[PDB]
Ligand SMILES: Nc1ncnc2c1ncn2[C@@H]1O[C@H](COP(=O)(O)OP(=O)(O)OP(=O)(O)O)[C@@H](O)[C@H]1O
């Protein structure tokens, strides 16, 4: 080699200053991993090269990485790995790259493919909805002649080295090397690696309205597997790559593409438009405003900046969204610790308004639109044969609902077959199915939010308040709060409405999402004899007043009456169940029932 | 054969373990005589076909 | 170790690991996929009439109390 190797070596003296700040980093990450492994009685080989250390002072070496990314990366690895041993060889796995930074206009939205940069560096974002299997793969197996005691060596190359199209080895395992010895193979010293494909859709808001979402796929490696839950705003970066013989491997080859698009990439990141690290400053201010004894009320009014009133509804949403705990019974069935509120109202009274903006601040809680095909909580045994001999129970809609919220619409405008499914997932946290395959109890922590409409217009007052939708009481008994939104007409009421819609055709949100997601990590009190003494008195008088009046209540309603106040103390961020929480819990039900 | 058929010399061989199983003869006298040899007699007379070579005896 | 497992056994197996070749349609498909299994070595199963149990049959005979203590015995978790 002298021409193709010279600017390697000139870079081999160049980039060693481009890890003046990382040559500490790459050895500090292993010296304790070498230490703890010797005193057990763990991290991969990630070497994040920024742009900044390779753009401030190298230009010929720079643009080679963004024009021809095929003669440069295995140079960068081979010159990396000697520094692993030249730093660390006394105690007795190739350290590939990641390359974070910016890029300067390669945010190819994959609705667009490129004519300029094929076989180059690409930055891609979107959502994944495939999540295929996991399967290991060999790279190097070592053979051993059991007679004469001598060893052997063999490496298999594939379409996995990411860059060099070597002569493949169309072989699985050889036998009988040039001797009369029956070949033995040591599998502890044979190395493996995994292999997982995933398809990425289009972020369906920035693709303009002329098409359905498109998709491509990406092969990643072990370092960031099981990181990709289906429904994450992911952002990957890798090389663009074609493989496969198009036009010769079969004869006459008419109308068959033979150039599959692939991405053999690295370093995914979740984004947000779970990881939000805050400093000492904002963590102290949120304690400083915690000292105020009004902030439960301020958060109610600072949520929906368009609509008047409904402060009973507005406190309920933030009470539900933050969530109440479920303490599992030891060697016993745990109870309902989910909360599940419901609404109904005569039309155009903002029943669906506030239902869509809970999805923006959802904190990884992606909901459906309530279109009630069978698949709302199940699998329907969709396997697609998974490359000839693998059957997979593909996750329909509960792998996204776990420790999150959902919302569905149009209950009475549904068939029967969804209603039997919402029976099971409410009485029990899990679904278990055996369609043409395997019985499997997979767990789910869900919390529905409902929206239906009454049937006969404005007939609520002149008839019974109950049966007003007459969907089965299997769900009404499994639900707690049936807010009936009024629309009464008062000349000061509507006049106040008329300007407030008009004033908006022309205490903050990201602080709000931090406060709740910090409050999911604080301890749960549950324990004060004072607060439990007053609520049962508060129950008994309405236990005299439920049956001689509107609506009979049951024992599970008491498990609400702990749970609302339990979450209400989670707003307080304290470990003492106070007295003041028990007054808002009683008063909220009093409007919900009267 | 050429092209990287031989490997590096590994210090971990098998002949050093082969003779170390030869000193798994009658020598373990802590645990009525050689106890793992006592189980060897209750198989040859054909009533049970599963020896148990644990890590406790190692 | 055969005939010693059951559907519904909350158990654990200890055993040794190896992958296996596929030897079918290995060129077009089946490039270097592996589809391994594990090989078993040991099973440590868990959570399983006048034969050293008669002492507790006497505890009902000596104490008596059929109509009420046994009534409080099954399902004492209600009102
Ligand atoms: N009670 C209300 N107060 C203030 N604005 C309202 C109210 N109801 C509706 N609006 C205005 O009307 C617009 C749309 O209301 P929306 O379509 O959500 O009614 P809805 O809840 O969907 O009723 P339905 O589900 O029966 O159609 C919103 O932009 C909102 O500003």
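Our numbering is plain: 1 for the first residue shown, then up by one each step along the chain.
Every residue gets a Cβ built from N, Cα and C, even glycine.
Quick look at what Swiss-Prot annotates:
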type	residues	note
BINDING	A:345, A:346, A:347, A:348, A:349, A:350, A:351, A:352	ATP binding site
DOMAIN	A:295-502	domain 'MCM'
MOTIF	A:477-480	motif 'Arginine finger'
Where the C-beta lies under 6 angstroms from ligand 1, the matching binding-site residues among A:345, A:346, A:350, A:352: A:350, A:352
DSSP residue counts for the motif 'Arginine finger' (A:477-480), split into helix, strand and coil: 0 helix, 0 strand, 4 coil
For residue A:352 (ATP binding site), the number of other Cβ atoms found within 10 Å of its own Cβ: 15
Candidates A:345, A:347: member of the binding-site residues with the richest Cβ shell (10 Å): A:345
Near-site residues: ATP, ref A:345, A:346, A:347, A:348, A:349, A:350, A:351, A:352, CB cutoff 8 A to centroid: A:453, A:485, A:487
Coarse DSSP state, helix versus strand versus coil, of residue A:349 (ATP binding site): coil
Residue A:351 (ATP binding site): tally of other CB atoms within 10 A of its CB: 20
Other CB atoms within 10 A, centred on residue A:346 (ATP binding site): 16
